[PDB]
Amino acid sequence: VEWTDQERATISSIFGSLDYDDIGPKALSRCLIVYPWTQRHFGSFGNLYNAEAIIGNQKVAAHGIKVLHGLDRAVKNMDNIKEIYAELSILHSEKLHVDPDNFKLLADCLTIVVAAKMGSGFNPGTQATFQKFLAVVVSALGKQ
């Protein structure tokens, strides 16, 4: 991947504008509702039988916040994303057994949640840069 200054600014601007404690739980909960096989590695104790239960699940909420904080390292170092995520990629493949496809599904849910927050400001070029950035992250994480 190559990044321009304009692109680096946009990513910084988008993420700066987000409340991770609101947006993170929304993105992961949405992923567990729209792609319910992504419940696989949650709900080890409680149940996740409907949207209200998933949105109410504390561990899911906490992890959506961890995902957003995890994306910060990439926001700040867009040219080293592969290297930055190497240990989290191993964790999610070797210890957690997360399917690499699940990162693409979460990225889509995050894009839909960020679009709702930005409204008309999420124009075509903004979406293009945002999705390019997530795609690079997804590629780094989805290594086995």
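In this text, residue numbers run from 1 along the sequence as written.
Stretch comparison (48 to 56 versus 77 to 85) by mean CA B-factor in the PDB entry places 77 to 85 on top. The deposited model assigns a higher average Cα B-factor to 65 to 73 than to the other stretch when 37 to 45 and 65 to 73 are compared. Per-chain ranking of the deposited C-alpha B factor places residue 10 in the middle third. Split the chain's modelled residues into thirds by C-alpha temperature factor. Residue 98 is in the lowest one. For residue 90, the recorded CA temperature factor ranks within the middle third of the chain's modelled residues. Annotation for residue 117: C-alpha temperature factor in the highest third relative to the rest of the modelled chain, per the entry.
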